[PDB]
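The lines below spell out each chain.
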Amino acid sequence: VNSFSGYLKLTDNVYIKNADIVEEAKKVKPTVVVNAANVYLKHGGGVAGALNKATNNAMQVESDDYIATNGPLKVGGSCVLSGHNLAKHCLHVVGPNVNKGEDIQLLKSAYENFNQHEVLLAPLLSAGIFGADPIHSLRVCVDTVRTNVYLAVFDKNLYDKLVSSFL
Ligand SMILES: CC(C)(CO)Nc1ncnc2[nH]ccc12
Ligand SMILES: [Cl-]
């Protein structure tokens, strides 16, 4: 039993809700919140910009030190950093950004990072400003993640489409 509330159950291990991931994380304080990161951990917009804003820019400060030490992430890769005031940990995961010409096949590799964590709050990878079809992202999630994932979809219209189109 966990404290996530109001989710629709899609499969044994995948759950979905129309919610603002920032407000969800503040309420639940999950062990792991997933960020829709880029390889530079520049959290300028989309989910990343919203999560970073909610940390009063502390996420960005920590991220800049991480990059200065380690260099950029790989597309499809991840790193674990602090969750600040939102969660114990933040798993920064880089899905492909179609608006950069990145291989959509890397989306499965990106979701594989979730399997290193028993329970996660997450957005759909490569959705929104990363330019992929959120319906496809949900399919890859369900077919790749085996741990317990609570998906937050900001747009109510899109949420209804993902559910009503979910196979
Ligand atoms: C990634 C996508 C398209 C669906 O998960 N968007 C979001 N989902 C949840 N919280 C969010 N906050 C800001 C944007 C956003
Ligand atoms: Cl977005």
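Residues numbered from 1 in each chain as written, not as in the entry; some residues may be left out. Chains lettered and ligands numbered in written order. Heavy atoms only, no water.

Per the deposited record, X-ray crystallography is how this structure was determined, to a resolution of 1.0200 Å.

As annotated in the PDB entry, the chain is Non-structural protein 3 from Severe acute respiratory syndrome coronavirus 2. According to the record, the entry carries the title "PanDDA analysis group deposition -- Crystal structure of SARS-CoV-2 NSP3 macrodomain in complex with AVI-0005266".

Engineer: Describe the site of ligand 1, with residues and values.
Structural biologist: Every residue close to ligand 1 is listed here: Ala-19, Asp-20, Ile-21, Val-47, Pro-123, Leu-124, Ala-127, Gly-128, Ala-152, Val-153 and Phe-154. In the model, an oxygen atom of ligand 1 is placed 3.1 Å from a nitrogen or oxygen of the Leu-124 main chain. Take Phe-154: an N or O atom from its main chain is 3.5 Å from a nitrogen atom of ligand 1. (Near = heavy atom within 4 Å. Polar contact = N/O pair within 3.5 Å; in protein donor to acceptor, adjacent residues only side chain to side chain.)

Engineer: Describe the packing of helix 5 (residues 134–144) against helix 6 (residues 156–165), listing the residues and the values that go with them.
Structural biologist: The N-to-C vectors of helix 5 and helix 6 enclose an angle of 55°; their axes lie 10 Å apart at closest approach. Relative to helix 6, helix 5 is oriented oblique. The element helix 5 and its partner helix 6 pack so that their crossing is right-handed. Judged by residue contacts, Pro-134, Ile-135 and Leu-138 of helix 5 engage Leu-158, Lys-161, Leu-162 and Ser-165 from helix 6. In terms of residue class, the contact of helix 5 with helix 6 is made up of 5 nonpolar, 1 polar and 1 charged. (Axes fitted to C-alpha atoms, helices over the stretch in contact; angles between N-to-C directions. Helix = DSSP H or I, 4+ residues; strand = E, 2+ residues; numbered from the N terminus. Parallel < 35°, antiparallel > 145°, perpendicular 65-115°, else oblique. Left-handed = near helix turned anticlockwise from the far one by under 90°. Contact = heavy atoms within 4.5 Å. Nonpolar A, V, L, I, M, F, W, Y, C, P; charged D, E, K, R; others polar.)

Engineer: Could you give me a rundown of the nonpolar core, with the residues and numbers involved?
Structural biologist: As a rule of thumb, nonpolar side chains are buried together in soluble globular proteins. Core analysis: the largest hydrophobic core is formed by 26 residues, its most contacted members being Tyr-111, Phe-114 and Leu-151. With 4 residues, helix 5 is the single largest residue contributor to this core. Sequence-distant contacts of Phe-114, that is, excluding residues within four places in its chain, are made with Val-34, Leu-91, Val-93, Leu-120, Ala-122, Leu-125, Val-145, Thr-147 and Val-149. (Core = buried A, V, L, I, M, F, W, Y, C linked by side-chain atoms within 4.5 Å. Buried < 20%, exposed > 50% of the residue type's maximum accessible area, 1.4 Å probe, protein only.)

Engineer: Describe in detail the environment of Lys-26, supporting the description with residues and values.
Structural biologist: Residue placement: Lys-26 occurs in helix 1 (residues 21–28). For the pair formed by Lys-26 and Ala-127, sequence separation is 101 residues and the distance between their alpha carbons is 22 Å.

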